[PDB]
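Order of the sequence lines sets the chain letters (A, B, ...), proteins ahead of strands, with each chain counted from 1. First listed ligand is number 1; within each ligand, the first listed atom is number 1.
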Amino acid sequence: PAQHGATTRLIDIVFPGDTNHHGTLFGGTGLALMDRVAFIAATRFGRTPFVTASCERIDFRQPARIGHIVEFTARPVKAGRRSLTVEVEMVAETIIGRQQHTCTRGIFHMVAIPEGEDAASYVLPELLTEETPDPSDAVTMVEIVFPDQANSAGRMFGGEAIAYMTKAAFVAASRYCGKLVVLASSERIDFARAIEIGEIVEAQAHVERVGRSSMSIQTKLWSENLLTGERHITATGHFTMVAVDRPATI
Amino acid sequence: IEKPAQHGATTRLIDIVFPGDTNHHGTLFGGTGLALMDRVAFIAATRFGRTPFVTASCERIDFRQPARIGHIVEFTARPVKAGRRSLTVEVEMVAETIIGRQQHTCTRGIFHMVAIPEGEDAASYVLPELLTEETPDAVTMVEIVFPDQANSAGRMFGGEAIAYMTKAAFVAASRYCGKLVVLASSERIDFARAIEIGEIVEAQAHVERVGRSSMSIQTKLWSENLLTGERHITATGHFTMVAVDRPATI
Amino acid sequence: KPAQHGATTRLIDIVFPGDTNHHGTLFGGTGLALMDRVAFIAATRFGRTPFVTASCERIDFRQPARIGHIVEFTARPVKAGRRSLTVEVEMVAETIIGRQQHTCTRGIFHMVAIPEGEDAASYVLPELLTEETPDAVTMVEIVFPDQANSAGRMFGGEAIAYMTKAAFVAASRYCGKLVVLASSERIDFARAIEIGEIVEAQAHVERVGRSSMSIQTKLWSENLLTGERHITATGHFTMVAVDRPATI
Ligand code: NA
């Protein structure tokens with residue numbers, strides 16, 4: 001059956017004064033991340049392996065050497081038998097002030113390479129229009145599970161799942177206050193199942209309460225099997241974040 | 001019939017955050033710091049019960065961010081309680097300044113590992129009994145071998161093993177003089193066996209001799225199979241490190 | 001096995017101005033690791049078989065000033081037994097601004113072949129012949145697990161990023177200044193690159209504006225054990241010289 005075009009978001013932080021990350025992210029790494037979220041989008045859509053057949057021309061603007069939360073969004077925009085066109089936007093917002101500094105657009109042509117006994121007959125589903133989704137104040141972000149983050153049993157270290165949750169807590173906090181934030185504490189976190197190597201994590205993070213200088217952020221962590229689509233809630237965490245100038249008023 | 005009881009050993013994992021590295025600083029005193037706390041817990045657990053472990057849960061943790069200078073950060077883990085399958089591991093994260101060796105932070109975390117045994121005699125697996133260690137009176141760090149450090153034959157690149165020895169050399173030298181140090185030369189290093197992906201490396205580094213500005217450090221590298229416990233000495237190296245302000249009096 | 005000429009393999013890494021972590025590791029343990037990695041590549045290309053590092057001769061290091069550097073790691077085989085390969089590695093650091101050579105560390109690596117297969121116990125390394133000295137940047141890197149998907153294929157994004165790195169190297173060497181990416185053209189991929197392979201980038205300056213340069217990059221894959229190469233992609237990147245834009 002036909003499928004609606006979902007938006008997939010992948011978020012990376014460049015900290016103030018990190019010239020290496022800055023220089024690579026507004027550079028080749030920036031490119032790599034655009035392709036990664038393209039890849040994820042495609043795979044979620046067709047539930048089959050994909051490669052990047054081609055990448056359309058891209059214009060880059062380098063912002064000022066400040067710090068940024070950088071969001072990569074992907075949407076499938078056209079779909080053949082095996083060619084998927086994916087549109088990717090790269091938006092950088094200052095950590096301090098939340099000013100949009102870049103807005104690069106790329107177009108990726110993914111191609112499905114199906115495996116299995118019935119692969120001679122794989123097609124992509126009819127693409128239909130993405131529904132305008134009633135906005136959340138909640139950050140929803142994905143990332144792939146990398147071999148370095150997994151043990152030899154193929155399982156993501158929970159510490160590495162925790163760190164992703166914290167990343168999401170940093171994003172939501174910082175977006176809320178318009179300032180740099182720092183982790184002050186994290187509550188008990190229980191894991192319902194272990195996360196596997198062939199999966200994406202999805203973190204959802206939003207501000208629960210606001211003190212004078214701190215917030216409390218809830219994060220929910222899901223895993224999703226790329227090829228099958230199987231999702232499970234994995235963990236819920238609560239982090240306390242403090243706004244900084246030295247602590248500041250939120 | 002009955003696994004013999006085991007003394008709770010302390011496992012140490014050490015990471016350097018260099019002066020002015022705002023990205024590492026911001027992640028380490030943050031989510032990455034979490035992830036490392038988990039990793040050293042995971043090693044400790046695995047050494048104890050010689051079986052696969054997962055993280056079932058993580059108790060609340062409080063964090064304090066030190067000044068943006070440079071730090072040697074040590075993550076120690078002890079098992080503190082042991083059921084049939086539950087292992088409680090206590091982790092301490094301590095950051096000392098590279099310049100001056102002043103303790104700036106001291107966060108404690110409690111990790112609840114659970115064994116997931118594999119094999120025919122899986123259903124019958126019990127954890128050993130835990131005795132307390134005897135608190136004893138030269139640096140000793142472990143780290144896991146990551147896929148990115150290994151070739152397609154599953155063997156760690158010797159270069160990567162050398163780097164780890166150098167990291168240990170830096171830790172010892174720097175602790176000794178209380179200043180930042182740099183590598184000046186390394187001596188012939190011969191490798192007795194190749195290190196494999198499912199193993200941890202263990203470095204032991206201490207100061208051999210002290211010049212006016214310089215210092216010699218011997219490092220010994222071991223590998224240890226996480227599940228079996230098989231250890232072998234792998235390499236011995238000698239690095240010269242120089243104290244720096246530009247060269248300084250050690 | 002017929003005799004083989006000793007090729008030079010080059011691996012390049014950039015340390016940006018002000019990156020004290022990379023600086024502190026690269027002029028240190030990481031530098032070491034890279035010298036070994038390129039040695040390993042050279043060996044594997046020569047003998048087309050698995051290799052380990054049996055030993056590493058003494059190395060002297062000099063720390064340059066905390067500025068930024070393009071760092072080049074070159075490896076040549078220099079002696080070849082039945083199973084022992086001696087590889088010579090040079091680590092040269094040039095300033096990004098000004099292109100001054102600041103370091104020049106030499107290392108000697110003893111690789112040993114560990115052949116696999118049916119006629120394994122009978123494997124000898126092919127004979128070593130000296131290459132003629134050759135008359136544009138070529139660089140190789142291994143494809144790491146983290147750059148590949150669960151099907152064993154390098155992400156095309158990761159391929160692109162390598163090409164961009166090569167573009168940066170060529171541009172920056174050309175103008176003697178720091179450069180930044182301004183745009184990339186359409187890039188088409190001929191085949192997917194696999195985990196057990198190296199990528200090889202060739203990059204050179206095509207045309208020069210006042211502040212811009214356009215760089216062509218060609219990407220190849222090579223199977224380490226078989227030697228099978230294929231052209232993978234060709235890209236065109238525009239780079240801009242910087243002080244804020246500057247005169248090339
Ligand atoms: Na990695």
Side-chain angles (χ1 to χ4, degrees), chain A residues 10 12-13 20-21 24-25 28-33 35-36 39 143-152 154-157 159-164 167 195-201, chain B residues 13 15-17 21 23-24 27-28 31-36 38-39 42 143-152 154-164 167 195-201, chain C residues 11 13-15 19 22 25-26 29-34 36-38 40-41 141-150 152-155 157-162 165 193-199:
Chain A
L10 188 148
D12 197 13
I13 300 140
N20 182 48
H21 201 201
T24 53
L25 194 128
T29 301
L31 273 173
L33 287 197
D35 165 89
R36 205 191 300 150
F39 169 82
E143 186 41 282
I144 285 154
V145 176
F146 294 108
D148 281 357
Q149 305 171 290
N151 67 42
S152 75
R155 289 194 196 101
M156 185 178 203
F157 295 104
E160 207 95 31
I162 278 161
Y164 189 74
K167 194 187 225 174
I195 295 156
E196 274 150 47
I197 191 58
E199 298 180 337
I200 54 148
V201 290
Chain B
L13 185 155
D15 196 11
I16 304 147
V17 186
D21 183 350
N23 213 110
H24 201 202
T27 53
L28 195 127
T32 301
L34 276 170
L36 291 194
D38 175 84
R39 207 190 297 148
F42 163 88
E143 184 44 285
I144 284 162
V145 173
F146 295 109
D148 274 2
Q149 302 168 288
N151 62 41
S152 86
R155 297 187 194 100
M156 184 184 207
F157 296 104
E160 217 81 39
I162 282 157
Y164 188 73
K167 185 190 230 166
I195 296 158
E196 272 150 48
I197 188 57
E199 295 182 338
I200 52 154
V201 289
Chain C
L11 185 156
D13 199 11
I14 307 144
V15 180
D19 183 16
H22 200 200
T25 52
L26 192 127
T30 300
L32 276 173
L34 288 195
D36 175 81
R37 204 193 298 150
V38 62
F40 164 89
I41 296 171
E141 189 38 287
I142 287 155
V143 174
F144 295 110
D146 275 9
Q147 303 172 284
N149 67 37
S150 84
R153 296 184 196 105
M154 184 181 209
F155 295 105
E158 216 79 38
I160 286 165
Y162 188 72
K165 194 191 220 162
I193 295 163
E194 272 150 48
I195 191 60
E197 300 180 331
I198 53 151
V199 283

Exercise. Say whether, by atom type as modelled, one donor and one acceptor occur between the side chain of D148(A) and the main chain of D146(C) under 3.5 angstrom.
Key: no
Quiz prompt | Side-chain heavy atoms of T27(B) within contact of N23(B), under 4.5 Å | solution = yes
Exercise. List in chain and number order the residues that pass ring pair (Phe, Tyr, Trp, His ring centres under 6.0 Å) with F42(B), two or more places apart in sequence or in another chain; answer none if no residue qualifies.
Key: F157(A)
Quiz item: Considering residues at least two apart in sequence or located in another chain, which fulfil the salt bridge (charged side-chain N to carboxylate O under 4.0 Å, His left out) criterion with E160(A)?
Solution: none
Quiz item: If we only count heavy atoms from C-beta on, is the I195(C) to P145(C) side-chain gap below 4.5 Å?
Solution: yes
Quiz prompt | Contacts of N151(A) that satisfy side-chain hydrogen bond (donor to acceptor under 3.5 Å, both in side chains) - sequence neighbours left out | solution = none
Quiz item: Which residues and atoms, protein N, O or S only, are under 3.0 Å from the Na ion (ligand 1)?
Solution: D148(A) OD2, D148(B) OD2, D146(C) OD2
